[PDB]
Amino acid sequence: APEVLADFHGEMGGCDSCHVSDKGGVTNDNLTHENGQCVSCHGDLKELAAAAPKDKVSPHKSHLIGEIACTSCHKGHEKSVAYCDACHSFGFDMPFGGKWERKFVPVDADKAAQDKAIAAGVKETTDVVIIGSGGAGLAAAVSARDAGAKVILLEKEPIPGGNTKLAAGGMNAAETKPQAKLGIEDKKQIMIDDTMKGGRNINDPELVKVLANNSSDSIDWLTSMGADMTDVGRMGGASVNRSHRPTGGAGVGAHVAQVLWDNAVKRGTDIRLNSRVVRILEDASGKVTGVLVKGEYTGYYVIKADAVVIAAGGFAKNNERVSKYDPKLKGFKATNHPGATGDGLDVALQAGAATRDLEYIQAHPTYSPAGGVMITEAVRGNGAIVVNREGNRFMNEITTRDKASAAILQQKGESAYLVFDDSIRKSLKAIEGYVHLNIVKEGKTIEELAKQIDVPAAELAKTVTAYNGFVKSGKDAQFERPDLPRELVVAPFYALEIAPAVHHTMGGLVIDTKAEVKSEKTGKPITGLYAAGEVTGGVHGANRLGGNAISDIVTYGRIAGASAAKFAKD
């Protein structure tokens, strides 16, 4: 029994097969050579993908964006797990396979060993350091690179794009070209007012102004980098159709993550995967001088830089931490990728950074317990209805998420069903992937759908003809639903069991419109420390509206990148 990958290969050629040297060892955390050797012998992703069965789901052709290494799944000296295992359950036949498991390691554990190495010299310099490879960081790698900084960006997972790459529903922006093309009359103020009402007026009004005001330049920016943001639909809590997404209702996440990845990489961004930043370095009256990296394979190393951008994401995946704030959520499932655990929040805190709103944890109301994935709010915005086990509607389906989850939780079985038709289906191309994931019930009639779910045919049917009249009259007499887009009358009929999940953390680092990280001692910025995206707080108040986090990450990430780079010129 030879079982792990490198031992299997051991039997054939040794150590230089994968390693540069015949003694073994990696030379860089990206594992450049080892993957290259894999590709020399087995072909690369296109070629692997090229040969799979023309039916369903292959592990070499997925929706992960950016450069996805072989070794990020085919492990050499330990069991291998497909990365997909972190979110789906396709039960693949992984040669040399183990099961998925991730232990949370405190950024602070191994304090002695990091100190020897901060002492053990400063190994390398650069202008701007950017932490994390989601939109905030990539948006910022571009913008800093455009300004002349030399940038180094670190990502702790084996693959890039963090939660951003999974987004679907859209990016909000007011007063855009796409809206002009569709004749949607919207106003930057309205977007402001929508953001403030929905975050229960505790949002920092200065950050919501910039987020609203810069939104349309920030659609334009993406377009000029190659993005396609021409599809606009509704999301809950907004009064105007403002969620931007690729032609036809395709999710934005993979699309935006990959245009931004391309552009960071086409400027000379030095991106390092499997590299986790475990500390930001210190000095006099606390000026940021660089950071301490912990490479998975090459260990601890200090990189000196003038400015440091924190684009590290939220902590909703770490239920422990989520639960200390809102014990309600102990044990709920999350919609996040695995690395959304809190890491850069600690890092920043260990650096004196100020924090705000950390106890306001959003729960997304329509998570698919069978699929193990989130169903976009855009299904509801596009016209779906939500219905309980008696076949009756219990809420306004484009309401704020704190409220939508609460209602679903007070129904029998803590869960309800998304009910939409064939027009809703063809108006939102993301629906097509829940369909490819085998989790959508299809009945040829409303009553045939009811059998499939297990709901009273008479009552579902009753609630669907009831809801169509509200759609013709323009007034939902049951719940208060302000947008009633589509009659829900073209057969075949679809249904999906949804239930709430932990999703996004509104709190975080305190910043100002320049992406500057403010101090807990003074209220004044820490010189040279900047940040953007969900690791920061203030933008969303106590309930993020759907659409504002991709808007936040682009707009703010662009600001931190430009801002940190000017710092570097001085």
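Just count from 1 along the sequence shown to find any residue number.
- Across the two stretches, 258-266 and 479-487, the PDB entry reports the greater mean Cα temperature factor for 479-487.
- As recorded in the PDB entry, 402-410 is the stretch of 378-386 and 402-410 with the greater mean C-alpha temperature factor.
- Considering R272, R200, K317, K103 together, the PDB entry gives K103 the largest C-alpha B factor.
- When the C-alpha B-factors of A52, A501, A532, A542 are ranked from the entry, the top spot goes to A52.
- Residue-level temperature factors show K524 in the highest third of its chain, judged at the C-alpha atom.
- In the PDB entry, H9 places in the middle third of its chain by CA B-factor.
- For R245, the recorded CA temperature factor ranks within the lowest third of the chain's modelled residues.
- Sort the modelled residues of the chain by CA B factor and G547 lands in the middle third.
- Placement of the Cα temperature factor of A82 within the chain: lowest third of the modelled residues, per the deposited record.
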